[PDB]
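Asker: For reference, the file target_5.txt (compact mmCIF, N, CA and C atoms) is included below:
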# COMPACT_ATOMS: atom_id res chain seq x y z
N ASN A 1 0.82 -1.25 0.00
CA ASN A 1 0.00 0.00 0.00
C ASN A 1 0.85 1.30 0.00
N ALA A 2 0.81 2.06 -1.09
CA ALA A 2 1.45 3.37 -1.04
C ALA A 2 0.49 4.47 -1.53
N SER A 3 -0.82 4.15 -1.54
CA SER A 3 -1.87 4.95 -2.19
C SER A 3 -2.36 6.18 -1.41
N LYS A 4 -2.24 7.35 -2.05
CA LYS A 4 -2.32 8.68 -1.42
C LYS A 4 -3.64 9.45 -1.73
N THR A 5 -4.58 8.77 -2.38
CA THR A 5 -5.89 9.35 -2.67
C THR A 5 -7.01 8.39 -2.30
N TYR A 6 -8.23 8.90 -2.37
CA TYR A 6 -9.40 8.04 -2.31
C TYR A 6 -10.46 8.42 -3.38
N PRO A 7 -11.39 7.50 -3.64
CA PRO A 7 -12.40 7.72 -4.66
C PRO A 7 -13.53 8.62 -4.19
N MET A 8 -13.98 9.50 -5.08
CA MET A 8 -15.23 10.20 -4.83
C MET A 8 -15.97 10.54 -6.09
N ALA A 9 -17.30 10.44 -6.03
CA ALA A 9 -18.14 10.76 -7.19
C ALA A 9 -17.97 12.23 -7.52
N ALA A 10 -17.84 12.57 -8.79
CA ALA A 10 -17.70 13.99 -9.14
C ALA A 10 -18.85 14.89 -8.60
N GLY A 11 -20.05 14.31 -8.44
CA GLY A 11 -21.22 15.07 -8.04
C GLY A 11 -21.21 15.40 -6.57
N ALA A 12 -20.25 14.82 -5.86
CA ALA A 12 -20.16 14.99 -4.43
C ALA A 12 -19.19 16.11 -4.09
N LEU A 13 -18.56 16.69 -5.11
CA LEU A 13 -17.59 17.77 -4.88
C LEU A 13 -18.25 19.10 -4.51
N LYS A 14 -17.63 19.79 -3.55
CA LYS A 14 -18.10 21.10 -3.08
C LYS A 14 -16.96 22.13 -3.20
N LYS A 15 -17.33 23.39 -3.49
CA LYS A 15 -16.40 24.52 -3.40
C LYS A 15 -15.70 24.44 -2.02
N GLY A 16 -14.38 24.40 -2.00
CA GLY A 16 -13.64 24.23 -0.75
C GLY A 16 -12.97 22.87 -0.63
N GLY A 17 -13.42 21.91 -1.43
CA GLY A 17 -12.94 20.57 -1.33
C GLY A 17 -11.69 20.37 -2.14
N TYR A 18 -11.08 19.22 -1.90
CA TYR A 18 -9.87 18.80 -2.57
C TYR A 18 -10.20 17.86 -3.71
N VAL A 19 -9.34 17.87 -4.71
CA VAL A 19 -9.54 17.09 -5.89
C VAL A 19 -8.12 16.90 -6.51
N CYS A 20 -7.84 15.78 -7.17
CA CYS A 20 -6.68 15.71 -8.06
C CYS A 20 -7.05 16.08 -9.47
N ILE A 21 -6.31 17.03 -10.01
CA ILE A 21 -6.34 17.26 -11.43
C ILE A 21 -4.92 17.13 -11.85
N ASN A 22 -4.72 16.49 -12.99
CA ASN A 22 -3.39 16.30 -13.56
C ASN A 22 -2.37 15.73 -12.59
N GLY A 23 -2.89 14.93 -11.64
CA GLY A 23 -2.13 14.31 -10.57
C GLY A 23 -1.64 15.31 -9.53
N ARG A 24 -2.34 16.44 -9.41
CA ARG A 24 -1.92 17.54 -8.56
C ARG A 24 -3.07 17.76 -7.59
N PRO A 25 -2.72 18.04 -6.32
CA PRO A 25 -3.72 18.22 -5.26
C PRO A 25 -4.16 19.66 -5.24
N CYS A 26 -5.46 19.83 -5.41
CA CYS A 26 -6.05 21.12 -5.63
C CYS A 26 -7.23 21.32 -4.66
N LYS A 27 -7.54 22.58 -4.39
CA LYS A 27 -8.71 22.98 -3.69
C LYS A 27 -9.65 23.57 -4.73
N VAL A 28 -10.89 23.10 -4.73
CA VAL A 28 -11.91 23.62 -5.63
C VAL A 28 -12.29 25.07 -5.30
N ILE A 29 -12.09 25.99 -6.25
CA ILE A 29 -12.52 27.38 -6.08
C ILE A 29 -13.78 27.78 -6.83
N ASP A 30 -14.13 27.04 -7.89
CA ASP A 30 -15.36 27.26 -8.69
C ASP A 30 -15.92 25.92 -9.14
N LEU A 31 -17.23 25.79 -9.10
CA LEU A 31 -17.95 24.57 -9.37
C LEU A 31 -19.14 24.92 -10.25
N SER A 32 -19.30 24.20 -11.34
CA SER A 32 -20.44 24.42 -12.23
C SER A 32 -21.02 23.07 -12.69
N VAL A 33 -22.32 22.98 -12.78
CA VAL A 33 -22.92 21.70 -13.06
C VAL A 33 -23.90 21.94 -14.16
N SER A 34 -23.82 21.15 -15.23
CA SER A 34 -24.79 21.25 -16.31
C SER A 34 -26.06 20.55 -15.85
N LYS A 35 -27.20 20.88 -16.50
CA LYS A 35 -28.53 20.34 -16.13
C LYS A 35 -28.57 18.78 -16.07
N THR A 36 -29.03 18.10 -17.13
CA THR A 36 -28.92 16.63 -17.21
C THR A 36 -28.27 16.19 -18.56
N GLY A 37 -28.70 15.03 -19.11
CA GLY A 37 -28.22 14.54 -20.40
C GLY A 37 -29.35 14.07 -21.31
N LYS A 38 -29.55 12.76 -21.37
CA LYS A 38 -30.77 12.21 -21.93
C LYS A 38 -31.32 11.22 -20.91
N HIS A 39 -30.57 11.04 -19.81
CA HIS A 39 -30.87 10.05 -18.75
C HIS A 39 -30.44 10.53 -17.35
N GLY A 40 -30.90 11.73 -16.97
CA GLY A 40 -30.53 12.31 -15.68
C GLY A 40 -29.03 12.51 -15.49
N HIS A 41 -28.28 12.26 -16.58
CA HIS A 41 -26.79 12.26 -16.56
C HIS A 41 -26.18 13.66 -16.80
N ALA A 42 -25.54 14.18 -15.74
CA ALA A 42 -25.04 15.55 -15.70
C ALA A 42 -23.52 15.61 -15.70
N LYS A 43 -23.02 16.72 -16.24
CA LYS A 43 -21.59 16.97 -16.34
C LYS A 43 -21.14 18.01 -15.35
N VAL A 44 -20.10 17.69 -14.59
CA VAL A 44 -19.51 18.60 -13.61
C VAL A 44 -18.24 19.31 -14.12
N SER A 45 -18.25 20.67 -14.07
CA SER A 45 -17.09 21.55 -14.37
C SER A 45 -16.45 22.24 -13.12
N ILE A 46 -15.17 21.92 -12.93
CA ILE A 46 -14.35 22.19 -11.75
C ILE A 46 -13.32 23.24 -12.18
N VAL A 47 -13.15 24.27 -11.36
CA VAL A 47 -11.95 25.13 -11.39
C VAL A 47 -11.32 24.99 -10.04
N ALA A 48 -10.07 24.52 -10.01
CA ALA A 48 -9.38 24.39 -8.72
C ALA A 48 -7.97 25.02 -8.70
N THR A 49 -7.54 25.44 -7.50
CA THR A 49 -6.23 26.02 -7.31
C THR A 49 -5.29 25.00 -6.68
N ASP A 50 -4.11 24.85 -7.25
CA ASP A 50 -3.11 23.94 -6.68
C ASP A 50 -2.67 24.44 -5.31
N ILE A 51 -2.69 23.59 -4.30
CA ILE A 51 -2.43 24.06 -2.92
C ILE A 51 -0.97 24.39 -2.65
N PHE A 52 -0.11 23.81 -3.48
CA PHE A 52 1.32 24.04 -3.32
C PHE A 52 1.90 25.10 -4.27
N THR A 53 1.54 25.03 -5.56
CA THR A 53 1.99 26.01 -6.57
C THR A 53 1.10 27.24 -6.79
N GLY A 54 -0.17 27.19 -6.41
CA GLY A 54 -1.01 28.37 -6.59
C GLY A 54 -1.57 28.45 -8.00
N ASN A 55 -1.38 27.40 -8.81
CA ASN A 55 -1.69 27.36 -10.25
C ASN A 55 -3.18 27.07 -10.53
N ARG A 56 -3.80 27.75 -11.49
CA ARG A 56 -5.19 27.47 -11.84
C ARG A 56 -5.27 26.22 -12.71
N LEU A 57 -6.10 25.26 -12.30
CA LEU A 57 -6.40 24.10 -13.14
C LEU A 57 -7.89 23.92 -13.39
N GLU A 58 -8.23 23.32 -14.53
CA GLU A 58 -9.61 23.09 -14.94
C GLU A 58 -9.84 21.59 -15.22
N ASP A 59 -11.00 21.08 -14.82
CA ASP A 59 -11.39 19.69 -15.07
C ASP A 59 -12.91 19.51 -15.25
N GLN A 60 -13.31 18.73 -16.26
CA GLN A 60 -14.71 18.30 -16.37
C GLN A 60 -14.76 16.79 -16.24
N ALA A 61 -15.86 16.29 -15.70
CA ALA A 61 -16.15 14.88 -15.51
C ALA A 61 -17.66 14.70 -15.37
N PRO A 62 -18.21 13.61 -15.91
CA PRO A 62 -19.57 13.16 -15.54
C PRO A 62 -19.76 13.04 -14.03
N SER A 63 -20.98 13.27 -13.56
CA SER A 63 -21.24 13.22 -12.12
C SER A 63 -21.02 11.84 -11.47
N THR A 64 -21.13 10.76 -12.25
CA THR A 64 -21.02 9.40 -11.72
C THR A 64 -19.60 8.93 -11.77
N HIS A 65 -18.77 9.66 -12.52
CA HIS A 65 -17.35 9.40 -12.60
C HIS A 65 -16.67 9.67 -11.25
N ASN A 66 -15.81 8.73 -10.84
CA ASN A 66 -15.12 8.83 -9.56
C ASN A 66 -13.74 9.49 -9.67
N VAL A 67 -13.67 10.76 -9.25
CA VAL A 67 -12.42 11.48 -9.13
C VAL A 67 -11.59 10.95 -7.95
N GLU A 68 -10.31 11.33 -7.94
CA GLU A 68 -9.46 11.00 -6.79
C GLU A 68 -9.41 12.26 -5.95
N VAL A 69 -9.54 12.08 -4.64
CA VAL A 69 -9.35 13.16 -3.69
C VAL A 69 -8.08 12.88 -2.90
N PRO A 70 -7.19 13.85 -2.82
CA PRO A 70 -5.95 13.67 -2.07
C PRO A 70 -6.17 13.55 -0.52
N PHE A 71 -5.46 12.66 0.18
CA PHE A 71 -5.38 12.77 1.66
C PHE A 71 -4.48 13.95 1.93
N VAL A 72 -4.98 14.91 2.70
CA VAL A 72 -4.18 16.07 3.11
C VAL A 72 -3.90 15.96 4.60
N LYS A 73 -2.61 15.91 4.98
CA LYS A 73 -2.21 16.01 6.40
C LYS A 73 -1.74 17.41 6.79
N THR A 74 -1.85 17.74 8.07
CA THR A 74 -1.43 19.04 8.60
C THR A 74 -0.71 18.90 9.93
N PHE A 75 0.52 19.40 9.96
CA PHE A 75 1.33 19.36 11.17
C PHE A 75 1.81 20.78 11.47
N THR A 76 1.77 21.18 12.74
CA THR A 76 2.24 22.50 13.18
C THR A 76 3.59 22.41 13.91
N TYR A 77 4.52 23.29 13.51
CA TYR A 77 5.88 23.36 14.09
C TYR A 77 6.16 24.74 14.67
N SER A 78 7.09 24.82 15.63
CA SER A 78 7.64 26.11 16.15
C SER A 78 8.99 26.32 15.42
N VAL A 79 9.30 27.56 15.04
CA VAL A 79 10.57 27.82 14.33
C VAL A 79 11.67 28.17 15.33
N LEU A 80 12.77 27.43 15.25
CA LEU A 80 13.94 27.56 16.13
C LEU A 80 15.05 28.48 15.55
N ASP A 81 15.21 28.45 14.22
CA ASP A 81 16.24 29.19 13.52
C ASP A 81 15.81 29.24 12.05
N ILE A 82 16.27 30.29 11.37
CA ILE A 82 16.23 30.42 9.91
C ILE A 82 17.68 30.60 9.44
N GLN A 83 18.17 29.73 8.56
CA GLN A 83 19.55 29.90 8.05
C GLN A 83 19.58 30.05 6.54
N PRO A 84 20.19 31.12 6.02
CA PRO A 84 20.32 31.32 4.56
C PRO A 84 21.00 30.15 3.83
N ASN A 85 20.58 29.87 2.60
CA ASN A 85 21.24 28.85 1.82
C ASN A 85 22.69 29.24 1.50
N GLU A 86 23.53 28.24 1.25
CA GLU A 86 24.90 28.44 0.79
C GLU A 86 24.91 29.33 -0.46
N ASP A 87 23.93 29.11 -1.33
CA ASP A 87 23.74 29.96 -2.49
C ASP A 87 22.73 31.05 -2.15
N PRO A 88 23.18 32.29 -1.94
CA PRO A 88 22.29 33.38 -1.52
C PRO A 88 20.93 33.42 -2.24
N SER A 89 20.89 33.15 -3.54
CA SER A 89 19.64 33.22 -4.33
C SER A 89 18.59 32.08 -4.21
N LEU A 90 18.93 31.01 -3.47
CA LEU A 90 18.05 29.85 -3.22
C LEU A 90 17.29 30.04 -1.87
N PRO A 91 16.12 29.38 -1.69
CA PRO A 91 15.33 29.52 -0.45
C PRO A 91 16.06 29.10 0.84
N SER A 92 15.83 29.86 1.92
CA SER A 92 16.48 29.63 3.24
C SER A 92 16.05 28.35 3.92
N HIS A 93 16.91 27.82 4.78
CA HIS A 93 16.62 26.59 5.53
C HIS A 93 15.82 26.88 6.79
N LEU A 94 14.95 25.98 7.18
CA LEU A 94 14.24 26.14 8.44
C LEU A 94 14.65 25.06 9.42
N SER A 95 14.81 25.47 10.68
CA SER A 95 14.92 24.58 11.82
C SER A 95 13.62 24.61 12.67
N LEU A 96 12.92 23.48 12.76
CA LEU A 96 11.56 23.42 13.30
C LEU A 96 11.40 22.40 14.43
N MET A 97 10.38 22.59 15.26
CA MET A 97 10.16 21.81 16.48
C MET A 97 8.71 21.41 16.46
N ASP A 98 8.41 20.14 16.71
CA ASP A 98 7.04 19.69 16.88
C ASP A 98 6.62 19.72 18.37
N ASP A 99 5.41 19.31 18.70
CA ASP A 99 4.91 19.41 20.09
C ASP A 99 5.45 18.33 21.02
N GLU A 100 6.23 17.38 20.47
CA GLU A 100 6.77 16.24 21.22
C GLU A 100 8.26 16.43 21.55
N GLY A 101 8.84 17.54 21.12
CA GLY A 101 10.22 17.87 21.44
C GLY A 101 11.27 17.45 20.41
N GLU A 102 10.84 17.09 19.19
CA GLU A 102 11.71 16.62 18.11
C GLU A 102 11.85 17.68 17.03
N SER A 103 13.08 17.99 16.66
CA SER A 103 13.32 18.96 15.61
C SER A 103 13.48 18.30 14.26
N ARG A 104 13.22 19.07 13.22
CA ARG A 104 13.59 18.62 11.89
C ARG A 104 14.15 19.78 11.06
N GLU A 105 15.20 19.49 10.30
CA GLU A 105 15.95 20.47 9.51
C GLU A 105 15.80 20.25 8.02
N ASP A 106 14.94 19.34 7.60
CA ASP A 106 14.97 18.91 6.22
C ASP A 106 14.12 19.84 5.34
N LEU A 107 13.30 20.68 5.97
CA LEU A 107 12.36 21.58 5.29
C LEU A 107 12.89 22.97 5.12
N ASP A 108 12.56 23.53 3.98
CA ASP A 108 13.06 24.83 3.58
C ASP A 108 11.98 25.91 3.71
N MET A 109 12.29 27.12 3.29
CA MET A 109 11.19 28.06 3.18
C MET A 109 10.30 27.82 1.94
N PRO A 110 9.05 28.26 2.06
CA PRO A 110 8.06 28.12 1.00
C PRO A 110 8.44 28.91 -0.27
N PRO A 111 7.93 28.50 -1.44
CA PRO A 111 8.10 29.29 -2.66
C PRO A 111 7.34 30.65 -2.63
N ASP A 112 6.28 30.75 -1.81
CA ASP A 112 5.53 31.99 -1.59
C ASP A 112 6.45 33.11 -1.07
N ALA A 113 6.56 34.21 -1.80
CA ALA A 113 7.41 35.33 -1.40
C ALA A 113 6.92 35.97 -0.10
N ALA A 114 5.69 36.48 -0.16
CA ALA A 114 5.01 37.16 0.94
C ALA A 114 4.93 36.30 2.20
N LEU A 115 4.77 34.98 2.03
CA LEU A 115 4.77 34.08 3.17
C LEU A 115 6.18 33.92 3.83
N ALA A 116 7.23 33.82 3.02
CA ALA A 116 8.59 33.74 3.53
C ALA A 116 9.08 35.06 4.19
N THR A 117 8.65 36.22 3.70
CA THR A 117 8.93 37.50 4.37
C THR A 117 8.24 37.60 5.75
N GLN A 118 6.99 37.13 5.80
CA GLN A 118 6.20 37.21 7.01
C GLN A 118 6.82 36.37 8.10
N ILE A 119 7.34 35.20 7.72
CA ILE A 119 7.98 34.33 8.70
C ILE A 119 9.26 34.97 9.22
N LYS A 120 10.13 35.42 8.31
CA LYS A 120 11.34 36.12 8.71
C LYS A 120 11.10 37.34 9.60
N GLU A 121 10.09 38.13 9.26
CA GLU A 121 9.78 39.32 10.05
C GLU A 121 9.33 38.94 11.46
N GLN A 122 8.46 37.94 11.56
CA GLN A 122 7.88 37.59 12.84
C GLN A 122 8.93 37.03 13.79
N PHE A 123 9.79 36.15 13.25
CA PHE A 123 10.88 35.52 13.98
C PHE A 123 11.84 36.56 14.47
N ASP A 124 12.21 37.46 13.55
CA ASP A 124 13.07 38.59 13.88
C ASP A 124 12.49 39.48 14.94
N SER A 125 11.17 39.55 15.06
CA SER A 125 10.61 40.45 16.05
C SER A 125 10.69 39.86 17.46
N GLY A 126 10.81 38.54 17.56
CA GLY A 126 11.02 37.92 18.85
C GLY A 126 9.78 37.18 19.35
N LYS A 127 8.70 37.23 18.57
CA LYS A 127 7.54 36.36 18.80
C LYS A 127 7.92 34.92 18.50
N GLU A 128 7.23 33.98 19.15
CA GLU A 128 7.35 32.59 18.73
C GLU A 128 6.56 32.37 17.46
N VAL A 129 7.23 31.93 16.40
CA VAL A 129 6.56 31.71 15.11
C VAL A 129 6.12 30.25 14.94
N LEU A 130 4.85 30.05 14.60
CA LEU A 130 4.34 28.72 14.30
C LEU A 130 3.99 28.61 12.82
N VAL A 131 4.71 27.75 12.13
CA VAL A 131 4.40 27.36 10.76
C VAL A 131 3.54 26.08 10.64
N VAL A 132 2.63 26.09 9.67
CA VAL A 132 1.75 24.97 9.41
C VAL A 132 2.29 24.29 8.15
N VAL A 133 2.66 23.03 8.28
CA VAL A 133 3.16 22.22 7.18
C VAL A 133 2.03 21.29 6.68
N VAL A 134 1.69 21.47 5.40
CA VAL A 134 0.67 20.67 4.75
C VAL A 134 1.41 19.70 3.84
N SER A 135 0.96 18.46 3.89
CA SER A 135 1.50 17.38 3.09
C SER A 135 0.38 16.81 2.18
N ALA A 136 0.72 16.41 0.95
CA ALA A 136 -0.21 15.73 0.06
C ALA A 136 0.55 15.27 -1.13
N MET A 137 0.37 14.01 -1.49
CA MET A 137 0.94 13.52 -2.71
C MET A 137 2.48 13.52 -2.73
N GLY A 138 3.10 13.35 -1.57
CA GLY A 138 4.53 13.26 -1.53
C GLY A 138 5.20 14.57 -1.25
N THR A 139 4.66 15.66 -1.82
CA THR A 139 5.05 17.06 -1.54
C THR A 139 4.72 17.56 -0.13
N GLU A 140 5.69 18.18 0.53
CA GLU A 140 5.48 18.87 1.82
C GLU A 140 5.90 20.38 1.77
N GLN A 141 4.95 21.28 2.03
CA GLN A 141 5.24 22.71 2.06
C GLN A 141 4.68 23.37 3.30
N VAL A 142 5.25 24.52 3.66
CA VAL A 142 4.66 25.45 4.64
C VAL A 142 3.62 26.32 3.94
N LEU A 143 2.40 26.34 4.46
CA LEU A 143 1.29 27.07 3.82
C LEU A 143 0.65 28.16 4.68
N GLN A 144 0.90 28.07 5.98
CA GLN A 144 0.31 29.04 6.89
C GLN A 144 1.34 29.53 7.89
N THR A 145 1.13 30.73 8.44
CA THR A 145 1.86 31.13 9.67
C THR A 145 1.01 31.84 10.76
N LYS A 146 1.32 31.55 12.03
CA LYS A 146 0.68 32.23 13.20
C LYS A 146 1.66 32.29 14.41
N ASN A 147 1.22 32.89 15.54
CA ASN A 147 1.97 32.86 16.82
C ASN A 147 1.17 32.30 18.00
N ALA A 148 1.88 31.94 19.09
CA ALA A 148 1.22 31.42 20.30
C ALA A 148 0.94 32.59 21.23
N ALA A 149 0.11 32.42 22.28
CA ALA A 149 -0.08 33.48 23.31
C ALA A 149 0.77 33.27 24.58
Please express what this file holds, its structure, as structure tokens.
Answerer:
Amino acid sequence: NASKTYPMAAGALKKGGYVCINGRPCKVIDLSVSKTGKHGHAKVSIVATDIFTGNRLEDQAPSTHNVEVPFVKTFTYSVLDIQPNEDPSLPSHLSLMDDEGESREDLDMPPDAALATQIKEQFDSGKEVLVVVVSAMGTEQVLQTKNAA
């Protein structure tokens, strides 16, 4: 077993939900449904945003057709250090801590510009920075940031 999606009827999709298009894990941002066919058979039109790249994707499928929905995991870390890459122009390294006392250094900063500035600014200010790491389809990225009280 290495399977990272599950089956769902296209007609069961809602704005806000996850879907694979082009083998990419997406959140549905627009949903359109045609009336019927000749046998109650309707066509579903999906516009979804890639959760990692931010890219617009489009997909149509019959309502009875079973799309794949990605399993999405979410883990929250505290940031211990930010270290610049050896190559100044590449994304910075992150040193992170989970709630069990284990660090990990294997994750970098996100491709999101505005998100990577926000993390650097917050850390620099002396607040405890909490990054949210979302995983799906083998890819792991930082997608959110907040602080503790």
Asker: Could you check the closest approach to residue 57 (chain A) for each of A:117, A:95, A:87, A:21 and tell me which residue wins, using only N, CA and C atoms?
Answerer: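 Comparing A:117, A:95, A:87, A:21 against residue 57 (chain A), the winner is A:21.
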Asker: Identify all residues of chain A in strand (DSSP E or B) (DSSP on the backbone) and supply them as a ChimeraX atom specification.
Answerer: /A:5-9,18-21,24-33,43-50,56-62,66-70,73-83,93-97,103-104,108,129-136,139-147
Asker: Write out as JSON, numbers by chain the residues lying within 7 Å of region 126-136 of chain A, counting only C-alpha atoms and excluding same-chain residues fewer than 4 positions away.
Answerer: {"A": [25, 70, 71, 72, 73, 74, 75, 76, 77, 78, 79, 122, 140, 141, 142, 143, 144, 145, 146, 147, 148]}
Asker: Restricting the calculation to only C-alpha atoms: of A:2, A:19, A:8, A:13, which residue gets closest to residue 58 (chain A)?
Answerer: A:19
Asker: For a quick check of understanding, using only C-alpha atoms, which of A:82, A:149, A:96, A:69 has the smallest distance to residue 24 (chain A)?
Answerer: A:69
Asker: Kindly indicate which residue among A:68, A:98, A:59, A:30 lies nearest to residue 6 (chain A), using only N, CA and C atoms for the distances.
Answerer: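 The closest residue to residue 6 (chain A) is A:68.
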Asker: Could you pull region 7-25 of chain A out of the block above and save it with N, CA, C and O atoms, as a PDB file, in the first residue's frame?
Answerer:
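File written: out_32.pdb
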ATOM      1  N   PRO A   7     -11.386   7.497  -3.644  1.00  0.00           N
ATOM      2  CA  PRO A   7     -12.405   7.718  -4.658  1.00  0.00           C
ATOM      3  C   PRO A   7     -13.531   8.624  -4.188  1.00  0.00           C
ATOM      4  O   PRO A   7     -13.947   8.564  -3.041  1.00  0.00           O
ATOM      5  N   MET A   8     -13.982   9.502  -5.078  1.00  0.00           N
ATOM      6  CA  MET A   8     -15.232  10.201  -4.834  1.00  0.00           C
ATOM      7  C   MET A   8     -15.973  10.545  -6.091  1.00  0.00           C
ATOM      8  O   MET A   8     -15.350  10.905  -7.099  1.00  0.00           O
ATOM      9  N   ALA A   9     -17.298  10.441  -6.032  1.00  0.00           N
ATOM     10  CA  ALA A   9     -18.143  10.760  -7.187  1.00  0.00           C
ATOM     11  C   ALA A   9     -17.968  12.231  -7.517  1.00  0.00           C
ATOM     12  O   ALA A   9     -17.933  13.070  -6.611  1.00  0.00           O
ATOM     13  N   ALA A  10     -17.842  12.566  -8.792  1.00  0.00           N
ATOM     14  CA  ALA A  10     -17.699  13.987  -9.142  1.00  0.00           C
ATOM     15  C   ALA A  10     -18.851  14.886  -8.599  1.00  0.00           C
ATOM     16  O   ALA A  10     -18.651  16.083  -8.346  1.00  0.00           O
ATOM     17  N   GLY A  11     -20.052  14.312  -8.439  1.00  0.00           N
ATOM     18  CA  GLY A  11     -21.223  15.072  -8.043  1.00  0.00           C
ATOM     19  C   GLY A  11     -21.211  15.399  -6.574  1.00  0.00           C
ATOM     20  O   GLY A  11     -22.056  16.160  -6.092  1.00  0.00           O
ATOM     21  N   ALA A  12     -20.249  14.820  -5.859  1.00  0.00           N
ATOM     22  CA  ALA A  12     -20.162  14.992  -4.432  1.00  0.00           C
ATOM     23  C   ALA A  12     -19.189  16.107  -4.094  1.00  0.00           C
ATOM     24  O   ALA A  12     -19.027  16.460  -2.929  1.00  0.00           O
ATOM     25  N   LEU A  13     -18.558  16.687  -5.107  1.00  0.00           N
ATOM     26  CA  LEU A  13     -17.592  17.767  -4.878  1.00  0.00           C
ATOM     27  C   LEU A  13     -18.249  19.102  -4.512  1.00  0.00           C
ATOM     28  O   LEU A  13     -19.310  19.470  -5.072  1.00  0.00           O
ATOM     29  N   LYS A  14     -17.631  19.795  -3.547  1.00  0.00           N
ATOM     30  CA  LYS A  14     -18.101  21.098  -3.080  1.00  0.00           C
ATOM     31  C   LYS A  14     -16.958  22.132  -3.199  1.00  0.00           C
ATOM     32  O   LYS A  14     -15.751  21.772  -3.115  1.00  0.00           O
ATOM     33  N   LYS A  15     -17.331  23.390  -3.487  1.00  0.00           N
ATOM     34  CA  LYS A  15     -16.401  24.520  -3.403  1.00  0.00           C
ATOM     35  C   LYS A  15     -15.698  24.440  -2.018  1.00  0.00           C
ATOM     36  O   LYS A  15     -16.352  24.374  -0.975  1.00  0.00           O
ATOM     37  N   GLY A  16     -14.376  24.395  -2.003  1.00  0.00           N
ATOM     38  CA  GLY A  16     -13.644  24.231  -0.753  1.00  0.00           C
ATOM     39  C   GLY A  16     -12.967  22.870  -0.632  1.00  0.00           C
ATOM     40  O   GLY A  16     -12.036  22.696   0.147  1.00  0.00           O
ATOM     41  N   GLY A  17     -13.421  21.914  -1.432  1.00  0.00           N
ATOM     42  CA  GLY A  17     -12.939  20.568  -1.334  1.00  0.00           C
ATOM     43  C   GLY A  17     -11.685  20.375  -2.138  1.00  0.00           C
ATOM     44  O   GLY A  17     -11.273  21.224  -2.944  1.00  0.00           O
ATOM     45  N   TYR A  18     -11.079  19.218  -1.898  1.00  0.00           N
ATOM     46  CA  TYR A  18      -9.870  18.796  -2.568  1.00  0.00           C
ATOM     47  C   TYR A  18     -10.205  17.863  -3.713  1.00  0.00           C
ATOM     48  O   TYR A  18     -11.195  17.131  -3.687  1.00  0.00           O
ATOM     49  N   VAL A  19      -9.339  17.869  -4.710  1.00  0.00           N
ATOM     50  CA  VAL A  19      -9.537  17.086  -5.892  1.00  0.00           C
ATOM     51  C   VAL A  19      -8.115  16.898  -6.514  1.00  0.00           C
ATOM     52  O   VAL A  19      -7.256  17.758  -6.338  1.00  0.00           O
ATOM     53  N   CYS A  20      -7.842  15.776  -7.169  1.00  0.00           N
ATOM     54  CA  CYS A  20      -6.678  15.713  -8.064  1.00  0.00           C
ATOM     55  C   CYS A  20      -7.049  16.080  -9.471  1.00  0.00           C
ATOM     56  O   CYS A  20      -7.934  15.458 -10.083  1.00  0.00           O
ATOM     57  N   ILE A  21      -6.311  17.025 -10.011  1.00  0.00           N
ATOM     58  CA  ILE A  21      -6.339  17.261 -11.432  1.00  0.00           C
ATOM     59  C   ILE A  21      -4.918  17.129 -11.854  1.00  0.00           C
ATOM     60  O   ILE A  21      -4.020  17.586 -11.180  1.00  0.00           O
ATOM     61  N   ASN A  22      -4.721  16.493 -12.988  1.00  0.00           N
ATOM     62  CA  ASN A  22      -3.388  16.301 -13.559  1.00  0.00           C
ATOM     63  C   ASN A  22      -2.374  15.732 -12.585  1.00  0.00           C
ATOM     64  O   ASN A  22      -1.178  15.990 -12.708  1.00  0.00           O
ATOM     65  N   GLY A  23      -2.892  14.935 -11.645  1.00  0.00           N
ATOM     66  CA  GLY A  23      -2.133  14.313 -10.572  1.00  0.00           C
ATOM     67  C   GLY A  23      -1.642  15.305  -9.530  1.00  0.00           C
ATOM     68  O   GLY A  23      -0.643  15.047  -8.853  1.00  0.00           O
ATOM     69  N   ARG A  24      -2.335  16.438  -9.411  1.00  0.00           N
ATOM     70  CA  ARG A  24      -1.924  17.538  -8.556  1.00  0.00           C
ATOM     71  C   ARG A  24      -3.068  17.762  -7.591  1.00  0.00           C
ATOM     72  O   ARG A  24      -4.233  17.636  -7.986  1.00  0.00           O
ATOM     73  N   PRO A  25      -2.725  18.040  -6.317  1.00  0.00           N
ATOM     74  CA  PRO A  25      -3.719  18.218  -5.260  1.00  0.00           C
ATOM     75  C   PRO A  25      -4.155  19.660  -5.245  1.00  0.00           C
ATOM     76  O   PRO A  25      -3.344  20.600  -5.082  1.00  0.00           O
TER      77      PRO A  25
END
